[PDB]
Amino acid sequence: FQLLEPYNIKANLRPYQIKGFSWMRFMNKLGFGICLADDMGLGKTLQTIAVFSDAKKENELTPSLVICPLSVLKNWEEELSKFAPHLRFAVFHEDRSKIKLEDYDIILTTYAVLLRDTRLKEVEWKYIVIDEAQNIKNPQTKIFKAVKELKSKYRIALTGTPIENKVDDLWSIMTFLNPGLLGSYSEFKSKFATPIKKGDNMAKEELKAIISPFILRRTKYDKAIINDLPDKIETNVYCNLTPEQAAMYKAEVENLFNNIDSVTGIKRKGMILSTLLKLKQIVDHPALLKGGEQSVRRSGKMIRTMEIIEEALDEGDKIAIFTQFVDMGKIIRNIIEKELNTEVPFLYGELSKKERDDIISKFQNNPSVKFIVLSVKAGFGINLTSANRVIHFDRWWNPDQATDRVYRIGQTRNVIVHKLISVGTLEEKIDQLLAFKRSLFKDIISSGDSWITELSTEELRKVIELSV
């Protein structure tokens, strides 16, 4: 064994990532299928990229395949090009005929697409990374079928949850990594499964022992790492619009550009403001403008928010959701309370200082109260030191750590901050400008969003209009 050196990775890997990355490689080189199971938050992706980078210099990368959930496609896209500008990749999703596999180091696909494309089926793959491997639990599924039939020199199954404790899920992921290690799903099931399930120790102990050398996992509270992680970790959660929202969106956009031409001056700014405002609501949830049933299905953000809440809950986290519309504040609280059948305090302006402080007390002190929804604009006294998980539903903060400090966010415990952005909306494109620069793109942008009202009818169109 030996700790490798992050190759041309464009970032500083914390100790545990330098040990998980090199532990992964070491085993791959000794010809084994391993599984990285660290907690989301520990950055499996990056690590998995450090591997790629090194596997590339030793000439063992090109061509490798990554199979992930649609949810996280742009996530790899982004992390790849930022941390490894030097690695060539292709997204295999649409117009997949205009893509020649072999001419790229890496190829990103979807479990979905694997089930409908032979070209993949028949390649000599160096690496094959199954992202969020839970998508394979049931060996009866077709994707399991489709995935085992693939050809690979090296494999890595990435998962968020512990496999060491879900007997049924272990097999597929394990057998994919190293075929045979557990026999047949039938054979396995009646020597470990039913046995372990039926209360057995000599079963687990062994089963564990056979597997353990292929599974590396590190929680966010592991002494080793609690103090190395940044105290505030921020990921961008990509959301898709529901057909309904996209109609409304498209509807409002192609409407401003039917009157914008008519007017100018003061009214041009105002016009673009409300139309901007209506958009920022349509992406949040359609009921904000149409009323009607406040369902999770009507909104893309609500769909992702629920998936997140699910994980976070899986480690008694205390989640805090922010939103610029009081009305959105009520819907979110309503949906969560009903669906999870839990208690959810909601804090916004109007409430009496005595009311506020009553809620913040329920949040940090009642063991059962796991959420809290806030609809306020920073300049008040909110004490959120109990929150380890935070969600920004929409972009409610004045264009930050000086905003998190108004509340006591980093303060007392490591915290993961999810930032929701609707793909193709003005939400993603406006980041493409905040990230565009903060030397020439940061001064007038502090002036609220007024800076957008001056843009230019053609530029405004590229920014607010729905993209593909």
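A residue's number is simply how far along the shown sequence it sits, counting from 1.
Per the record, residue 378 and residue 379 are separated by 1 to 3 deposited residues that have no coordinates. The gap between residue 399 and residue 400 holds 1 to 3 unmodelled residues of the deposited sequence. Stretches 161-169 and 234-242 differ in mean CA B factor, with 161-169 having the higher one.
Comparing the deposited coordinates for 186-194 and 253-261, the stretch with the larger average C-alpha B-factor is 186-194. Ranking 297, 121, 220, 392 by the C-alpha B-factor listed in the PDB entry places 121 at the top. Note on 421, 440, 55, 409: the highest value goes to 440, judged by CA B factor as recorded. Residue 68: CA B factor in the lowest third of modelled residues in this chain (values from the PDB entry). When all modelled residues of the chain are sorted by CA temperature factor, residue 39 is found within the middle third. In this PDB entry, residue 62 carries a Cα temperature factor that places it within the middle third of its chain's modelled residues. Among all modelled residues in this chain, the alpha-carbon of residue 287 has a temperature factor (C-alpha) in the lowest third. The entry lists a Cα temperature factor for residue 413 that places it in the lowest third of the chain's modelled residues.
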